[PDB]
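See structure below.
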Amino acid sequence: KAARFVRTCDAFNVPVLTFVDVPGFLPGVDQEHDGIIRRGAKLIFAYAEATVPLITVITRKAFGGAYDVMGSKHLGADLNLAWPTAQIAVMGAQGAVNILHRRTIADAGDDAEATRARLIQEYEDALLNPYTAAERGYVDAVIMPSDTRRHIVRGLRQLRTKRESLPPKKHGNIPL
Amino acid sequence: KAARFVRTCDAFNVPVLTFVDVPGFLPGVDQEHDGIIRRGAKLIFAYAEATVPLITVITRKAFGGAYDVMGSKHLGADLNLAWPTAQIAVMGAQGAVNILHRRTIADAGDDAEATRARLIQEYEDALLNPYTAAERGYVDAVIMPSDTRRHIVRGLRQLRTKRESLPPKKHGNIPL
Amino acid sequence: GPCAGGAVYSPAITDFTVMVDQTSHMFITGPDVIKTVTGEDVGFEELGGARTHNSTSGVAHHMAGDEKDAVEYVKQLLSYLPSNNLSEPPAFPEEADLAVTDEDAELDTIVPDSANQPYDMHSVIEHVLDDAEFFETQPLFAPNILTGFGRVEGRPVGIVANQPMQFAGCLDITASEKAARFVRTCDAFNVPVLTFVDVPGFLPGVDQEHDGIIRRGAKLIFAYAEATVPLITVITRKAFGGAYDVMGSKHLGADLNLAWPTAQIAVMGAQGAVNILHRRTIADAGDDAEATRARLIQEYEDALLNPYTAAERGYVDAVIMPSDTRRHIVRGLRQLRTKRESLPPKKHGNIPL
Amino acid sequence: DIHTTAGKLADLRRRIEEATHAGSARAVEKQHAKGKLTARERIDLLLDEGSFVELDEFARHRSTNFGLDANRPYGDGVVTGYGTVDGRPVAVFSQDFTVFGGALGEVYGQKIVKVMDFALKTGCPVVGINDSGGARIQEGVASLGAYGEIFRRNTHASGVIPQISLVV
């Protein structure tokens with residue numbers, strides 16, 4: 001749905017504003033079997049191809065591939081803003097601690113879990129925010145939610161003269 | 001100094017107005033040894049390459065190569081104006097008579113010099129002006145100094161729609 | 001023959017100027033005039049003779065002993081270039097034998113042990129070019145850097161290389177301008193450029209600054225950054241500070257950047273670095289002020305004066321055995337010959353003048 | 001020695017040996033036990049003999065998160081370069097499962113980006129050999145940035161140069 005829309009806007013020089021709050025992809029055998037791999041890729045392709053102005057605002061969750069998909073700077077977005085409430089990370093804290101601390105947790109079945117829940121709480125307090133992404137410039141700024149309109153307006157003023165184009169080709173080969 | 005400036009103006013579509021009163025190049029062993037040949041050529045290159053409007057006004061001296069260098073019509077200047085006080089010639093009268101009349105002057109050591117100074121005075125009265133250049137169209141007009149502003153203004157109005165371009169190339173090979 | 005007055009500006013604009021020893025002269029102003037105006041007495045030969053313009057003014061590109069050799073030199077020049085910028089230079093394709101020869105091996109020992117003893121970069125160049133043939137241009141001007149033509153697998157290539165034998169390979173105003181124009185010449189005519197690096201930095205001196213090294217040295221970086229022809233760079237030894245950036249670094253757009261095990265890619269010399277990083281650490285304990293610094297210096301050079309940190313970052317695509325330079329250049333040029341790149345549209349750039 | 005030129009050449013030969021064997025002997029054994037080949041074995045089957053030129057062989061990661069800086073294997077988990085397939089130019093990257101489970105990291109990603117830029121620049125196909133456990137979690141978002149950069153190249157190169165994915 002979003003992919004076709006983004007391509008439509010881009011083809012007709014309409015700037016795209018995107019707001020992110022996505023925990024990931026809907027789990028389900030059906031999703032895989034029905035082709036989420038090739039059908040989901042359509043959104044990254046649409047964003048990477050677009051040349052119109054792109055402004056992205058992460059209000060909250062931005063985990064794993066989904067973060068990449070939702071008009072991330074890596075795909076070519078021009079301005080990426082994040083609210084203090086944004087959580088930009090590879091994956092949820094629980095999933096992340098189970099991999100990172102699989103050994104230290106396995107140790108002492110005694111007190112297996114509160115230490116588990118402890119690490120989870122520590123992980124989210126250290127990485128479940130937009131500041132690591134801000135350090136690398138993945139987001140251009142962390143803003144007060146109430147300044148979202150000012151940033152959009154001033155960003156659009158500067159971005160309207162944006163000129164970019166993809167390598168010459170008859171056309172691309174977007175996943176079908 | 002002038003070369004870089006002319007290229008800057010041209011790159012950014014800024015018309016260049018140039019005023020000429022140059023007797024030639026500063027004599028000096030240092031000038032040659034430091035590379036005046038390749039460093040001086042940078043100005044002719046800048047003028048010949050420029051495609052923005054070019055209006056040149058010779059107020060006085062315009063001798064030898066320097067005349068060619070100062071945005072002459074031969075380099076591509078669009079409008080070349082000259083004041084009655086302009087002196088457009090291959091070289092100064094003295095230098096010119098020494099070559100042209102080397103024999104007639106060598107004759108009769110008696111009265112060597114007043115005849116010399118005579119020829120010089122005659123040469124400058126016949127060629128040290130803008131009229132021979134005006135005959136060949138090298139200058140588009142000889143104007144009253146007070147009409148300089150009118151010519152600049154009206155010339156710029158017609159020239160603003162100027163469209164020209166050099167042969168296709170990745171870039172030129174300006175002397176360095 | 002003579003080229004006087006404004007006439008000199010025509011050859012100046014052309015790409016290459018070849019003169020003949022003691023039988024050709026170029027000058028904007030004659031001896032006669034500079035004398036009555038400056039009081040300086042100079043003969044035609046000293047003012048603008050072939051030797052003067054080939055080693056002092058930086059205007060001519062070659063001084064032949066006679067006209068016969070001069071004509072031969074231009075024929076050679078023409079043999080390395082295309083008829084126009086629409087095609088690649090002429091080639092007589094011949095597949096090279098990539099097996100390591102006894103000559104290739106020599107390269108593994110060309111770099112002496114002492115960071116000071118110089119070696120002739122000419123040898124390095126010859127070892128990679130077909131029939132070890134290197135057609136040099138401007139041999140007598142800025143000898144600290146070498147420029148010229150050669151062929152790899154029968155295809156013309158341009159060369160730019162620091163020469164450790166003169167001014168320890170340092171860059172300066174003259175070398176920058178000599179190299180800058182040559183690179184731009186090669187690029188305009190689709191000639192690939194191979195650069196060999198051994199530069200400890202820029203020649204220090206008040207004169208260098210006052211004469212405008214800031215804007216004149218910038219010319220070389222602009223040339224490399226602007227180039228779209230294939231670019232392969234080999235760092236044989238020293239590459240410090242900005243000089244490293246200037247000499248066909250990957251940051252400017254070079255396609256393949258190779259470094260020998262003997263390469264030293266760092267921001268600055270070990271001593272100059274430790275003096276800043278350990279200013280306080282050495283300040284404390286005047287007691288034995290120096291073996292400690294000589295230790296900090298030793299440690300700094302053993303830890304950073306090599307190509308490995310640059311390799312970790314991908315600044316150099318590979319650290320190779322010197323004896324394998326020819327192979328990398330040959331196989332690198334094969335892939336790179338189809339390179340297609342362009343700069344943003346513009347009437348022209350605004351290179352420093 | 002080391003301070004001598006010969007010593008520096010010997011030092012290189014040592015690093016080359018460590019780089020080509022970035023993964024532990026045990027890791028390689030498991031890979032073979034699963035009926036899978038190594039990253040380098042696969043490239044050798046694909047490219048014409050002797051045509052392979054490796055890029056970023058001595059690359060190493062820059063992370064210090066979760067003690068990751070304790071191990072910085074050469075190549076950082078993916079073998080990249082160019083060569084020929086039936087005499088025609090081809091760019092290639094081969095993910096190494098024996099190194100960090102092949103989890104995609106920052107430098108790991110930059111190496112693939114270099115291979116892709118190279119293929120787009122010279123106009124040759126890109127063959128990607130995939131075998132990775134996923135994102136190198138220790139690197140947090142840096143891992144996602146690498147993915148994004150790759151995705152963009154995939155899209156821009158789409159229909160420009162052939163792109164084939166070998167998932168093994």
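Naming works like this for the structure tokens: A, B, ... for the chains as they're shown, residue 1 at the start of each chain, ligands 1 onward in shown order.
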
Requested in this report: Dump as a list in words the residues of chain D that approach chain C to within 6 Å, counting only C-alpha atoms.
Outcome: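 The contacting residues on chain D are residues 4, 5, 8, 9, 55, 56, 58, 59, 60, 121 and 122 of chain D.
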
Report task. Fewer than 5 positions away in the same chain doesn't count, so skip those; otherwise give me all residues within 9 Å of residue 61 (chain A), counting only C-alpha atoms, as a list in words. Result -> residues 20, 21, 22, 23, 24, 67, 85, 86, 87, 88, 89, 128 and 129 of chain A

Query - Residues within 7 Å of residue 55 (chain B), only C-alpha atoms, excluding chain neighbours under 6 positions, as a PyMOL selection string - result: chain B and resi 16-18+77-80

Report task. Using backbone DSSP assignments, extract all strand (DSSP E or B) residues from region 124-240 of chain C; output them as an MDAnalysis selection string. Result -> chainID C and resid 135:137 145:152 155:162 171 193:199 202 231:240

Convert the current residue selection to file output with C-alpha atoms, as a JSON list (two decimals), in the first residue's frame.
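This went into out30.json:
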[["chain", "number", "residue", "atom", "x", "y", "z"],
["C", 135, "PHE", "CA", 58.54, 8.59, -21.68],
["C", 136, "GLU", "CA", 59.22, 11.45, -19.26],
["C", 137, "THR", "CA", 58.01, 15.03, -19.64],
["C", 145, "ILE", "CA", 58.18, 14.70, -8.86],
["C", 146, "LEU", "CA", 58.15, 12.65, -12.07],
["C", 147, "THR", "CA", 55.60, 12.86, -14.88],
["C", 148, "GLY", "CA", 55.30, 11.00, -18.15],
["C", 149, "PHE", "CA", 53.87, 8.31, -20.37],
["C", 150, "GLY", "CA", 54.23, 4.58, -20.79],
["C", 151, "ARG", "CA", 52.04, 1.65, -21.74],
["C", 152, "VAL", "CA", 50.48, -1.27, -19.91],
["C", 155, "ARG", "CA", 47.54, 0.79, -23.69],
["C", 156, "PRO", "CA", 48.75, 4.33, -22.89],
["C", 157, "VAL", "CA", 48.93, 5.38, -19.24],
["C", 158, "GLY", "CA", 50.15, 8.54, -17.55],
["C", 159, "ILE", "CA", 52.51, 8.54, -14.60],
["C", 160, "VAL", "CA", 52.95, 10.77, -11.55],
["C", 161, "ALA", "CA", 55.53, 9.84, -8.92],
["C", 162, "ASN", "CA", 57.37, 11.47, -6.04],
["C", 171, "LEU", "CA", 56.06, 18.37, -2.72],
["C", 193, "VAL", "CA", 46.90, 7.85, -14.45],
["C", 194, "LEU", "CA", 49.22, 5.72, -12.30],
["C", 195, "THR", "CA", 50.74, 7.42, -9.29],
["C", 196, "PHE", "CA", 53.58, 6.24, -7.06],
["C", 197, "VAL", "CA", 53.78, 7.71, -3.58],
["C", 198, "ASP", "CA", 56.77, 8.44, -1.34],
["C", 199, "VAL", "CA", 56.16, 11.89, 0.08],
["C", 202, "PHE", "CA", 55.64, 19.75, 1.72],
["C", 231, "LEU", "CA", 43.23, 6.10, -11.22],
["C", 232, "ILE", "CA", 45.53, 3.58, -9.53],
["C", 233, "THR", "CA", 47.80, 4.64, -6.69],
["C", 234, "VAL", "CA", 50.72, 2.77, -5.14],
["C", 235, "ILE", "CA", 52.30, 4.02, -1.91],
["C", 236, "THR", "CA", 55.83, 2.62, -1.84],
["C", 237, "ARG", "CA", 56.94, 4.38, 1.33],
["C", 238, "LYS", "CA", 56.15, 7.76, 2.95],
["C", 239, "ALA", "CA", 52.74, 9.44, 2.90],
["C", 240, "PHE", "CA", 52.29, 12.03, 5.66]]

Report task. With a distance cut-off of 12 Å and only C-alpha atoms, select the neighbouring residues of residue 326 (chain C), excluding the residue or stretch itself and same-chain residues fewer than 6 positions from it, and output the selection as a list in words. Result ->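 My reading of the contact set: residues 96, 97, 98, 99, 100, 101, 103, 104, 105, 107, 124, 125, 126, 127, 128, 129, 130, 132, 151, 152, 153, 194, 232, 234, 258, 320, 332 and 333 of chain C.
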
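Here CA of residue 75 (chain B) stands at a distance of 24.3 Å from CA of residue 147 (chain B).
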
If you run DSSP on the backbone here, which positions in region 144-285 of chain C get alpha helix (DSSP H)? Please write them as a CSV table (one decimal) with N, CA, C and O atoms, in the first residue's frame.
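Output below, filename out24.csv:
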chain,number,residue,atom,x,y,z
C,173,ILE,N,55.8,24.1,-4.4
C,173,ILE,CA,55.0,24.8,-5.4
C,173,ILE,C,55.2,24.3,-6.9
C,173,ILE,O,54.2,23.9,-7.5
C,174,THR,N,56.4,24.2,-7.3
C,174,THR,CA,56.7,23.7,-8.6
C,174,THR,C,56.2,22.3,-9.0
C,174,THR,O,55.6,22.1,-10.0
C,175,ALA,N,56.5,21.3,-8.1
C,175,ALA,CA,56.0,19.9,-8.3
C,175,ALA,C,54.5,19.8,-8.4
C,175,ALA,O,54.0,19.1,-9.1
C,176,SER,N,53.9,20.7,-7.6
C,176,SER,CA,52.4,20.6,-7.6
C,176,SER,C,51.8,21.1,-8.9
C,176,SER,O,50.9,20.5,-9.4
C,177,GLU,N,52.4,22.2,-9.4
C,177,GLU,CA,51.9,22.7,-10.7
C,177,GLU,C,52.2,21.8,-11.9
C,177,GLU,O,51.5,21.7,-12.8
C,178,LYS,N,53.4,21.3,-11.8
C,178,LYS,CA,53.9,20.4,-12.9
C,178,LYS,C,52.9,19.2,-13.0
C,178,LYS,O,52.4,18.9,-14.1
C,179,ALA,N,52.7,18.6,-11.9
C,179,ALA,CA,51.8,17.4,-11.8
C,179,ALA,C,50.4,17.7,-12.1
C,179,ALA,O,49.7,16.9,-12.7
C,180,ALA,N,49.9,18.8,-11.5
C,180,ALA,CA,48.5,19.2,-11.7
C,180,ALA,C,48.1,19.3,-13.1
C,180,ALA,O,47.1,18.8,-13.6
C,181,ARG,N,48.9,20.0,-13.9
C,181,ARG,CA,48.6,20.2,-15.4
C,181,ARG,C,48.7,18.9,-16.1
C,181,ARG,O,47.9,18.6,-17.0
C,182,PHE,N,49.7,18.0,-15.8
C,182,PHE,CA,49.8,16.7,-16.5
C,182,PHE,C,48.6,15.8,-16.2
C,182,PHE,O,48.1,15.2,-17.1
C,183,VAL,N,48.2,15.8,-14.9
C,183,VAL,CA,47.0,15.0,-14.6
C,183,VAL,C,45.8,15.4,-15.4
C,183,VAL,O,45.1,14.6,-16.0
C,184,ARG,N,45.5,16.8,-15.4
C,184,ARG,CA,44.4,17.3,-16.1
C,184,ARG,C,44.5,17.0,-17.6
C,184,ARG,O,43.5,16.8,-18.3
C,185,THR,N,45.7,17.0,-18.1
C,185,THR,CA,46.0,16.7,-19.6
C,185,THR,C,45.5,15.3,-19.8
C,185,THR,O,44.8,15.0,-20.8
C,186,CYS,N,46.0,14.4,-19.0
C,186,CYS,CA,45.7,13.0,-19.2
C,186,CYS,C,44.2,12.7,-19.1
C,186,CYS,O,43.6,12.0,-19.9
C,187,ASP,N,43.6,13.3,-18.1
C,187,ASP,CA,42.1,13.2,-17.9
C,187,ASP,C,41.3,13.7,-19.0
C,187,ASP,O,40.4,13.1,-19.5
C,188,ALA,N,41.6,14.9,-19.5
C,188,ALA,CA,40.9,15.5,-20.6
C,188,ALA,C,41.0,14.6,-21.9
C,188,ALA,O,40.0,14.5,-22.7
C,206,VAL,N,59.6,29.9,4.2
C,206,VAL,CA,58.8,31.1,4.2
C,206,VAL,C,58.4,31.4,2.7
C,206,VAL,O,57.3,31.7,2.4
C,207,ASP,N,59.4,31.3,1.8
C,207,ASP,CA,59.2,31.5,0.4
C,207,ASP,C,58.0,30.7,-0.2
C,207,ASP,O,57.2,31.2,-0.9
C,208,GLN,N,57.9,29.4,0.2
C,208,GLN,CA,56.8,28.6,-0.2
C,208,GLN,C,55.5,29.2,0.1
C,208,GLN,O,54.5,29.3,-0.7
C,209,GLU,N,55.3,29.6,1.4
C,209,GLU,CA,54.1,30.2,1.8
C,209,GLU,C,53.8,31.6,1.1
C,209,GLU,O,52.8,31.8,0.5
C,210,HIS,N,54.8,32.5,1.2
C,210,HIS,CA,54.7,33.8,0.6
C,210,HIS,C,54.4,33.7,-0.9
C,210,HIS,O,53.6,34.5,-1.4
C,213,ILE,N,51.8,28.7,-1.8
C,213,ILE,CA,51.7,27.3,-1.9
C,213,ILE,C,50.2,26.9,-1.6
C,213,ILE,O,49.7,25.8,-2.1
C,214,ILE,N,49.5,27.6,-0.7
C,214,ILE,CA,48.2,27.3,-0.3
C,214,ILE,C,47.3,27.2,-1.6
C,214,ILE,O,46.5,26.2,-1.7
C,215,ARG,N,47.4,28.2,-2.5
C,215,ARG,CA,46.6,28.1,-3.7
C,215,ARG,C,47.2,27.3,-4.8
C,215,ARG,O,46.5,26.8,-5.7
C,216,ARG,N,48.5,27.3,-4.9
C,216,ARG,CA,49.2,26.6,-5.9
C,216,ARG,C,49.3,25.1,-5.7
C,216,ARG,O,49.2,24.3,-6.6
C,217,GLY,N,49.4,24.7,-4.4
C,217,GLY,CA,49.5,23.3,-4.1
C,217,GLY,C,48.1,22.7,-4.2
C,217,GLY,O,47.9,21.5,-4.4
C,218,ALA,N,47.1,23.5,-4.0
C,218,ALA,CA,45.7,23.1,-4.1
C,218,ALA,C,45.4,22.6,-5.5
C,218,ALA,O,44.4,21.8,-5.7
C,219,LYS,N,46.1,23.1,-6.5
C,219,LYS,CA,45.9,22.7,-7.9
C,219,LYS,C,46.0,21.2,-8.1
C,219,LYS,O,45.2,20.7,-9.0
C,220,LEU,N,46.9,20.5,-7.5
C,220,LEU,CA,47.1,19.0,-7.6
C,220,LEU,C,45.9,18.3,-7.1
C,220,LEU,O,45.4,17.3,-7.6
C,221,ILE,N,45.4,18.7,-5.9
C,221,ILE,CA,44.3,18.0,-5.3
C,221,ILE,C,43.0,18.2,-6.2
C,221,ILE,O,42.3,17.2,-6.4
C,222,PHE,N,42.9,19.4,-6.7
C,222,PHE,CA,41.7,19.7,-7.6
C,222,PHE,C,41.8,18.8,-8.9
C,222,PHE,O,40.8,18.3,-9.3
C,223,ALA,N,43.0,18.6,-9.4
C,223,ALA,CA,43.2,17.8,-10.6
C,223,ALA,C,42.8,16.4,-10.4
C,223,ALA,O,42.0,15.8,-11.2
C,224,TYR,N,43.3,15.8,-9.3
C,224,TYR,CA,42.9,14.4,-9.0
C,224,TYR,C,41.4,14.2,-8.7
C,224,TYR,O,40.8,13.3,-9.1
C,225,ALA,N,40.9,15.1,-7.9
C,225,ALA,CA,39.5,15.1,-7.5
C,225,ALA,C,38.5,15.2,-8.7
C,225,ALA,O,37.4,14.7,-8.7
C,226,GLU,N,39.0,16.0,-9.7
C,226,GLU,CA,38.2,16.2,-10.9
C,226,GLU,C,38.2,15.1,-11.9
C,226,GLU,O,37.3,14.9,-12.7
C,241,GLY,N,50.5,13.5,6.4
C,241,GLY,CA,49.6,14.6,6.3
C,241,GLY,C,48.9,14.9,5.0
C,241,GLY,O,48.6,13.9,4.2
C,242,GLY,N,48.7,16.2,4.7
C,242,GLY,CA,48.0,16.6,3.5
C,242,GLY,C,48.6,16.0,2.2
C,242,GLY,O,47.9,15.7,1.3
C,243,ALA,N,49.9,15.8,2.2
C,243,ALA,CA,50.6,15.3,1.1
C,243,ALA,C,50.0,13.9,0.7
C,243,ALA,O,49.9,13.6,-0.5
C,244,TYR,N,49.6,13.1,1.7
C,244,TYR,CA,49.0,11.8,1.5
C,244,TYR,C,47.7,12.1,0.8
C,244,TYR,O,47.4,11.3,-0.2
C,245,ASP,N,46.9,13.1,1.2
C,245,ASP,CA,45.7,13.4,0.6
C,245,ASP,C,45.8,13.8,-0.9
C,245,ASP,O,45.1,13.3,-1.8
C,246,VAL,N,46.8,14.6,-1.1
C,246,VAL,CA,47.2,15.1,-2.5
C,246,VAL,C,47.6,14.1,-3.5
C,246,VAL,O,47.1,14.1,-4.6
C,270,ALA,N,56.6,10.6,13.4
C,270,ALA,CA,56.5,10.1,14.8
C,270,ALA,C,56.9,11.1,15.9
C,270,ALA,O,56.2,11.3,16.8
C,271,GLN,N,58.1,11.7,15.7
C,271,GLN,CA,58.6,12.7,16.6
C,271,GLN,C,57.6,13.9,16.8
C,271,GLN,O,57.3,14.3,17.9
C,272,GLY,N,57.2,14.4,15.7
C,272,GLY,CA,56.3,15.6,15.7
C,272,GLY,C,55.0,15.2,16.4
C,272,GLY,O,54.3,16.1,17.0
C,273,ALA,N,54.6,13.9,16.3
C,273,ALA,CA,53.3,13.5,16.9
C,273,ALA,C,53.4,13.3,18.4
C,273,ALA,O,52.6,13.8,19.1
C,274,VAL,N,54.5,12.5,18.8
C,274,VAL,CA,54.7,12.2,20.2
C,274,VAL,C,54.9,13.5,21.0
C,274,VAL,O,54.6,13.5,22.2
C,275,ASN,N,55.5,14.5,20.4
C,275,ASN,CA,55.7,15.8,21.1
C,275,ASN,C,54.5,16.5,21.4
C,275,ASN,O,54.4,17.3,22.3
C,276,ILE,N,53.4,16.2,20.7
C,276,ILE,CA,52.1,16.8,21.0
C,276,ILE,C,51.2,15.9,21.9
C,276,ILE,O,50.7,16.3,22.9
C,277,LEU,N,51.1,14.6,21.5
C,277,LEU,CA,50.4,13.6,22.3
C,277,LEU,C,50.9,13.4,23.7
C,277,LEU,O,50.1,13.2,24.6
C,279,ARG,N,53.0,15.5,25.4
C,279,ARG,CA,53.7,16.8,25.9
C,279,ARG,C,53.8,16.7,27.4
C,279,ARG,O,54.9,16.9,28.0
C,280,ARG,N,52.7,16.4,28.1
C,280,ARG,CA,52.7,16.4,29.6
C,280,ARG,C,53.4,15.1,30.1
C,280,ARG,O,54.1,15.1,31.1
C,281,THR,N,53.1,14.0,29.4
C,281,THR,CA,53.7,12.7,29.9
C,281,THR,C,55.2,12.8,29.9
C,281,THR,O,55.9,12.1,30.7
C,282,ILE,N,55.8,13.6,29.0
C,282,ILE,CA,57.2,13.7,28.9
C,282,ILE,C,57.7,14.9,29.8
C,282,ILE,O,58.8,14.9,30.3
C,283,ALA,N,56.8,15.8,30.0
C,283,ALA,CA,57.0,17.0,30.8
C,283,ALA,C,57.4,16.5,32.2
C,283,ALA,O,58.4,16.9,32.8

Requested in this report: Give me the residues within 10 Å of region 30-35 of chain B as a VMD selection string, counting only C-alpha atoms and dropping any in the same chain fewer than 4 places off.
Outcome: (chain B and resid 25 to 26 39 to 41 176) or (chain C and resid 26 to 29 46 to 48 52 to 53 55 to 59)

Query - region 101-111 of chain D environment, 10 Å, only C-alpha atoms, sequence neighbours closer than 4 positions dropped, as an MDAnalysis selection string - result: (chainID C and resid 312:314 317) or (chainID D and resid 23 27 55:57 59:63 75:81 93:97 115:117 130:150)

Could you list, as a short mmCIF file (atom, residue, chain, number, x, y, z; two decimals) with C-alpha atoms, in the first residue's frame, every residue within 12 Å of residue 113 (chain B), counting only C-alpha atoms and ignoring same-chain residues fewer than 4 positions away?
data_model
loop_
_atom_site.label_atom_id
_atom_site.label_comp_id
_atom_site.auth_asym_id
_atom_site.auth_seq_id
_atom_site.Cartn_x
_atom_site.Cartn_y
_atom_site.Cartn_z
CA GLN B 94 59.28 54.85 -30.06
CA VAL B 97 59.77 53.67 -35.21
CA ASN B 98 63.08 52.06 -34.19
CA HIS B 101 62.63 53.42 -39.64
CA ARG B 102 65.88 51.76 -38.54
CA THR B 104 66.13 55.98 -42.75
CA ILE B 105 67.26 56.96 -39.24
CA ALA B 106 70.71 55.39 -39.49
CA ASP B 107 71.19 57.63 -42.51
CA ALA B 108 72.89 60.95 -41.76
CA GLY B 109 74.22 60.77 -38.21
CA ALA B 117 61.72 62.18 -32.51
CA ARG B 118 59.91 63.53 -35.57
CA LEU B 119 58.97 60.08 -36.84
CA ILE B 120 57.92 59.12 -33.33
CA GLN B 121 55.67 62.15 -33.11
#

**Report entry** Point-to-point distance from CA of residue 8 (chain B) to CA of residue 166 (chain B), Å rounded to tenths
**Finding:**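 We find that CA of residue 8 (chain B) and CA of residue 166 (chain B) lie 16.6 Å from each other.
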
**Report entry** Closest of B:52, B:174, B:149, B:103 to chain C - atom-to-atom distances counting only C-alpha atoms
**Finding:**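 Smallest separation from chain C among the options: B:174.
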
Enumerate, in order of chain and increasing residue number, the residues of chain A with an atom no farther than 8 Å from chain D, each with its shortest atom pair and distance in Å to one decimal, counting only C-alpha atoms, as CSV.
residue,atom,partner,partner_atom,distance
A:44,CA,D:151,CA,7.2
A:45,CA,D:155,CA,5.6
A:48,CA,D:152,CA,5.2
A:49,CA,D:155,CA,6.5
A:64,CA,D:144,CA,6.6
A:65,CA,D:144,CA,7.0
A:67,CA,D:144,CA,7.9
A:68,CA,D:148,CA,5.5
A:72,CA,D:148,CA,7.5
A:74,CA,D:148,CA,4.7
A:75,CA,D:152,CA,5.2
A:76,CA,D:152,CA,7.4
A:88,CA,D:141,CA,7.1
A:89,CA,D:141,CA,5.4
A:90,CA,D:140,CA,5.4
A:96,CA,D:137,CA,7.0
A:99,CA,D:137,CA,7.9
A:100,CA,D:138,CA,7.2
A:127,CA,D:140,CA,8.0
A:132,CA,D:141,CA,7.4
A:133,CA,D:141,CA,6.6
A:138,CA,D:145,CA,7.6
A:166,CA,D:156,CA,6.0
A:167,CA,D:156,CA,6.5
A:168,CA,D:160,CA,7.4
A:169,CA,D:160,CA,5.9
A:170,CA,D:159,CA,7.7
A:171,CA,D:159,CA,6.4
A:172,CA,D:159,CA,4.8
A:173,CA,D:159,CA,5.6
A:174,CA,D:158,CA,7.4

Write the residues of the selection above to a file with C-alpha atoms, as a PDB file, in the first residue's frame.
ATOM      1  CA  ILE A  44      12.572   0.098   0.540  1.00  0.00           C
ATOM      2  CA  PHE A  45      12.814   0.180  -3.274  1.00  0.00           C
ATOM      3  CA  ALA A  48      15.523   4.452  -2.308  1.00  0.00           C
ATOM      4  CA  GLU A  49      14.318   5.387  -5.807  1.00  0.00           C
ATOM      5  CA  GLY A  64      15.576  -3.702  12.797  1.00  0.00           C
ATOM      6  CA  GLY A  65      14.786  -3.821   9.091  1.00  0.00           C
ATOM      7  CA  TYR A  67      13.714   1.159  10.714  1.00  0.00           C
ATOM      8  CA  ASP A  68      15.614   0.862   7.409  1.00  0.00           C
ATOM      9  CA  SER A  72      15.603   6.052   6.765  1.00  0.00           C
ATOM     10  CA  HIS A  74      20.335   5.276   4.562  1.00  0.00           C
ATOM     11  CA  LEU A  75      17.748   4.969   1.796  1.00  0.00           C
ATOM     12  CA  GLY A  76      18.199   8.618   0.856  1.00  0.00           C
ATOM     13  CA  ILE A  88      16.086   3.169  17.458  1.00  0.00           C
ATOM     14  CA  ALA A  89      17.739  -0.224  17.846  1.00  0.00           C
ATOM     15  CA  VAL A  90      18.575  -3.470  16.061  1.00  0.00           C
ATOM     16  CA  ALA A  96      18.827  -8.485  22.176  1.00  0.00           C
ATOM     17  CA  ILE A  99      21.671 -13.145  22.320  1.00  0.00           C
ATOM     18  CA  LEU A 100      24.189 -10.809  23.957  1.00  0.00           C
ATOM     19  CA  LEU A 127      20.138   1.771  23.767  1.00  0.00           C
ATOM     20  CA  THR A 132      23.243   6.430  19.355  1.00  0.00           C
ATOM     21  CA  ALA A 133      21.631   7.067  15.968  1.00  0.00           C
ATOM     22  CA  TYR A 138      21.531   8.725  11.177  1.00  0.00           C
ATOM     23  CA  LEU A 166      19.261   7.685 -10.475  1.00  0.00           C
ATOM     24  CA  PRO A 167      21.740   6.047 -12.869  1.00  0.00           C
ATOM     25  CA  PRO A 168      20.420   6.000 -16.448  1.00  0.00           C
ATOM     26  CA  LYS A 169      18.273   2.975 -17.298  1.00  0.00           C
ATOM     27  CA  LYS A 170      15.135   2.095 -19.281  1.00  0.00           C
ATOM     28  CA  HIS A 171      13.556   1.374 -15.919  1.00  0.00           C
ATOM     29  CA  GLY A 172      14.288  -0.447 -12.681  1.00  0.00           C
ATOM     30  CA  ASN A 173      13.406  -4.042 -11.791  1.00  0.00           C
ATOM     31  CA  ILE A 174      11.375  -3.561  -8.604  1.00  0.00           C
TER      32      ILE A 174
END
